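Just the one chain here, laid out as structure tokens, in the form deposited in one PDB entry.
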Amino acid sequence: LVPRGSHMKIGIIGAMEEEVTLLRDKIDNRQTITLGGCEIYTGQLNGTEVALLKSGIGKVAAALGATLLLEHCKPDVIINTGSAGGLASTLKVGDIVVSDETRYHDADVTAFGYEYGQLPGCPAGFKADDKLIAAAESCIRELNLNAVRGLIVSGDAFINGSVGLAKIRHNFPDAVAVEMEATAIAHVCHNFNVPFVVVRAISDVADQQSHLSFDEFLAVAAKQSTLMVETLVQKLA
């Protein structure tokens, strides 16, 4: 993950200010770059060099941010953190989800025989780094958290039950969670050969009341994702 004779620098991307604020507060020797509407915080988290990006919401905002983070901070790994819609049958608010793979749920070029969710020039899904997944699962065991590991799907929609949800469940019956940035970040990471992993926490279960649940439990998810990410950064260094 890091070349010999150097320290690793960990990239951490969150979409919303709510998702990054706790981490931001814990950074020592913090400096801020405001670039292309994104904000990046650099410094140390418990002695490890980090670059924390608040990207804004959705696929383009996250691609833009990830690109900026890579060009300006050149991190060795990226961790995408935040909240997620829990799709897997045993998930509850505050549970952790770790990506083994990411895919776009709203990409459709099947008229030319690409797989549902696949964009031309891309693999059908992006596999997360094995070493980062292993590190996160060790964190989950040591912290004694409830987690699931699986496919995370991304689109530009907040999933709120009805036909939006039923579409995803049809096309990706094994997806464990849904959000709006992760696959975009994975896509950018793929193009630069940067190890990537998603570590998020459940704010809602993507059903008819997901907007109510999100408005009540984003804070819980931010807190649990933050604990995971702080723990992981230490394990990685």
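If you superpose the two forms and keep the largest set of C-alpha atoms that fall within 1.5 Å, you have the rigid core. Each residue number is its position in the shown sequence, starting from 1.
_185-193 versus 30-38 - which carries the larger mean C-alpha B factor in the record_ = Stretch with the higher mean C-alpha B-factor: 30-38.
*Please work out which of 56-64 and 42-50 has the higher mean CA B-factor as recorded in the PDB entry.*
Taking the mean C-alpha B-factor of 56-64 and of 42-50, the larger value falls to 42-50.
*Out of 111, 151, 87, 147, which residue has the highest Cα temperature factor in the PDB record?*
The listed residue with the largest C-alpha B-factor is 147.
*Which one, 80, 138, 83, 118, has the peak C-alpha temperature factor per the PDB entry?*
The record points to 138.
*Thinking about Cα B factors across the chain, which third does residue 71 belong to?*
Highest third, going by the recorded CA B-factors of the chain.
*asked:* Taking only the Cα B-factors deposited for this chain, tell me whether residue 163 sits in the lowest, middle or highest third.
replied: Ranked within chain, residue 163 CA B lands in the highest tercile.
*Ordered by C-alpha B-factor within the chain, which third holds residue 203? Give me lowest, middle or highest, please.*
Ranked within chain, residue 203 CA B lands in the lowest tercile.
*Would you mind ranking residue 122 by its C-alpha B-factor against the rest of the chain and naming the third, lowest, middle or highest?*
Middle third of the chain for residue 122's C-alpha B-factor.
_Considering every modelled residue of the chain and its Cα B-factor in the PDB entry, is residue 156 in the lowest, middle or highest third?_
Its C-alpha B-factor belongs to the lowest third of this chain's values.
Although it is not shown, the form deposited in another entry is what the next lines describe.
_If the two forms are fitted on the core, does residue 49 show a Cα displacement reaching 2 angstroms between the shown form and the other one?_
Residue 49: C-alpha displaced by less than 2 Å between the shown form and the other one.
_Using a rigid core superposition, assess whether residue 208 undergoes a CA shift of 2 Å or more between the shown form and the other one._
Shift at residue 208: 2 Å or more after core fit.
_Cα-Cα trend for residue 135 and residue 16, given that in the other entry the distance shifts by 3 Å or more_ = Relative to this form, closer in the other entry.
*Against the shown form, C-alpha atoms of residue 210 and residue 117 in the other entry: closer or farther, for a change of 3 Å or more?*
Residue 210 and residue 117 sit farther apart in the other entry.
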